[PDB]
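The primary structure of each chain is shown beneath.
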Amino acid sequence: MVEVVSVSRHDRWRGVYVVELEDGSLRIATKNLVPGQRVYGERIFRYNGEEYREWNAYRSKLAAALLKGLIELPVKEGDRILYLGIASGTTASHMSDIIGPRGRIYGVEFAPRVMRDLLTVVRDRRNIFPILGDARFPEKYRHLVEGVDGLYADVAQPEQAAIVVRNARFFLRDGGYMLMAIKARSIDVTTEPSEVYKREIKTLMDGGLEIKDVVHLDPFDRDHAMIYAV
Ligand SMILES: C[S@@+](CC[C@H](N)C(=O)[O-])C[C@H]1O[C@@H](n2cnc3c(N)ncnc32)[C@H](O)[C@@H]1O
């Protein structure tokens, strides 16, 4: 347990909590869906009789995107989410906290060894539904994934936008959100987009996604931005 001076829900990012530590320094955290359990050595706080899990933006790109000024948190209580590249569940565990018992994260991951890890991190989180499969071939898991409210993509592969569009066509509800971690330098966001970056964005736009926000993640992640589209 880390001691905290206060915990209060953020005014706009529902399910996310602003935590002030001893020294007046601040963190964000989610309310633990499985009180007593720790996913990636994150620190745990207790306040008013409830347990919170620190959401460390240096280990999760979505927390980084919020702290870098992403316009809104589109992940909501009860959402069904298709998560491409779930890995061992770091960011998904916080999505699982926010969405609560009636939400679902369908977590696609293609490496058996990473899947085993995820099964071992997420064995008591029953709103996470791991799918062993390659996100390039969503037809092979169409029978396992219902309509989703949102699509979150972090597969760390070139030409991720084509994978995103293909999955969105199969699964993403009308007006569903799409959050995509993209390899990007600060200058791609602030100055002028590189060739490879521009083409990812055009692929999304050509796929009917319209870009609502983009934030670079430095220094939480020096090499990525978060693209947000609806
Ligand atoms: C950057 S890690 C994701 C980190 C995770 N999203 C988080 O925030 O905690 C990318 C993961 O995607 C998986 N991956 C790469 N290509 C894939 C593909 N075509 N389909 C499914 N998973 C893939 C890798 O095995 C790896 O675990």
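Peer 1: Please clarify how the overall build of the protein chain should be interpreted in this entry.
Peer 2: Per the secondary structure count, the protein chain includes six helices and 12 strands. Relative to the compact-globule value of 17 Å for 230 residues, the protein chain shows a C-alpha radius of gyration of 17 Å, a close match. Referenced to the eigenvectors of the C-alpha coordinate spread, the extents of the protein chain come out at roughly 50 × 40 × 30 Å. Counting only residues that meet the buried cut, the protein chain has 50% of its 230 residues in that class. Here the protein chain contributes 34 positively and 33 negatively charged side chains, and the mean placements of these two sets differ by 4 Å.

Peer 1: Mind showing me how you'd approach the pattern of salt bridges here?
Peer 2: A complete count under the given rule lists 15 salt bridges for this structure. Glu-146 serves as the salt-bridge partner of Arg-80, at 2.5 Å between the closest nitrogen and oxygen. Taken together, the residues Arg-80 in strand 6 (residues 80–84) and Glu-146 in the loop between strand 8 (128–132) and strand 9 (148–153) connect sequence positions 66 residues apart. One continuous salt-bridge network, built from bridges that share partners, spans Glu-42, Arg-53, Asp-97 and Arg-125.

Peer 1: In this structure, what is going on with the site of the ligand? I would like to understand it.
Peer 2: The full set close to the ligand counts 17 residues, and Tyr-83, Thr-91, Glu-109, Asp-134 and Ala-135 are the nearest of them. Residue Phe-110 places a main-chain N or O atom 3.2 Å away from a nitrogen atom belonging to the ligand. Note that a nitrogen atom of the ligand is positioned 2.9 Å from one of the side-chain N or O atoms of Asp-134. In the complex, the protein chains occlude 85% of the 610 Å² of accessible area that the ligand would expose alone. For the shell around the ligand, the residue count by class is eight nonpolar, five polar and four charged.

Peer 1: What exactly am I supposed to notice about the domain arrangement of the protein chain here?
Peer 2: How big an interface is tends to be stated in terms of accessible area lost as the parts join. Once the domains are mapped, the protein chain shows domain 1 (1–55) and domain 2 (56–230). The distance between the C-alpha centroids of domain 1 and domain 2 comes to 23 Å. Taken together, the contact pairs 17 residues of domain 1 with 25 residues of domain 2. Surface buried jointly by domain 1 and domain 2 totals about 1,800 Å² across both partners, of which 63% is contributed by carbon and sulfur atoms. The tally of links from domain 1 across to domain 2 stands at one salt bridge. Linking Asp-97 and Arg-53 is a salt bridge whose minimum nitrogen-to-oxygen distance equals 2.9 Å. Between the two partners, domain 1 and domain 2, sit 12 residue pairs in polar contact.

Peer 1: I keep staring at the sheet that holds strand 4 (residues 44–47) and nothing clicks. Help me out?
Peer 2: Two pairing modes exist for strands in a sheet, parallel and antiparallel, and in both the strands are linked by backbone hydrogen bonds. An order of 1-2-3-5-4 is seen for the five strands of this open sheet, with the pairing classed as antiparallel. Strands at the two margins of the open sheet, each flanked by one partner only, are strand 1 (4–9) and strand 4. Along the sheet, successive strands turn relative to each other by an average axial angle of 40 degrees, direction set aside. Inspection of the sheet shows strand 2 (residues 16–21) paired to strand 3 (residues 26–31) by five bridges, in the antiparallel sense. Looking across to strand 3, one finds that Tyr-17 is bridged to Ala-29.

Peer 1: Is there a simple way to explain the UniProt feature "binding site: S-adenosyl-L-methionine" in the protein chain in this structure?
Peer 2: What UniProt calls "binding site: S-adenosyl-L-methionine" maps, in this numbering, to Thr-90, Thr-91, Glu-109, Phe-110, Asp-134, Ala-135, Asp-154, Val-155, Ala-156 and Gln-157. Considering the arrangement of structural elements, one finds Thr-90 in helix 2 (residues 90–99). Setting aside anything within four residues of it in sequence, one finds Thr-90 in contact with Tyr-40, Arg-59 and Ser-60. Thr-91 gets classed as buried once you look at its relative accessible area, which sits at 7%. Residues in contact with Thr-91, not counting those within four places in the same chain, are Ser-60, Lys-61, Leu-62, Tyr-83 and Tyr-152. Within the structure, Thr-91 has its side chain in polar contact with the side chain of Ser-60 (distance 2.7 Å).

Criteria and cut-off values
- Residues numbered from 1 in each chain as written, not as in the entry; some residues may be left out.
- Heavy atoms only, no water.
- Helix = DSSP H or I, 4+ residues; strand = E, 2+ residues; numbered from the N terminus.
- Rg over C-alpha atoms; globule rule 2.2 N^0.38 Å.
- Buried < 20%, exposed > 50% of the residue type's maximum accessible area, 1.4 Å probe, protein only.
- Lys, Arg positive; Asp, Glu negative; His and termini not counted.
- Charge placed at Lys NZ, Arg CZ, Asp CG, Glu CD.
- Salt bridge = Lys/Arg side-chain N within 4 Å of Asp/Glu carboxyl O.
- Near = heavy atom within 4 Å.
- Polar contact = N/O pair within 3.5 Å; in protein donor to acceptor, adjacent residues only side chain to side chain.
- Areas by Shrake-Rupley, 256 points an atom, 1.4 Å probe, with all protein chains shown as cover.
- Nonpolar A, V, L, I, M, F, W, Y, C, P; charged D, E, K, R; others polar.
- Domains from an automatic or database assignment.
- Contact = heavy atoms within 4.5 Å.
- Buried area = accessible area lost by both parts, 1.4 Å probe.
- Pairing = 2+ DSSP bridges.
- Axes fitted to C-alpha atoms, helices over the stretch in contact; angles between N-to-C directions.
- UniProt positions renumbered as here; feature names shortened; annotations may be inferred.

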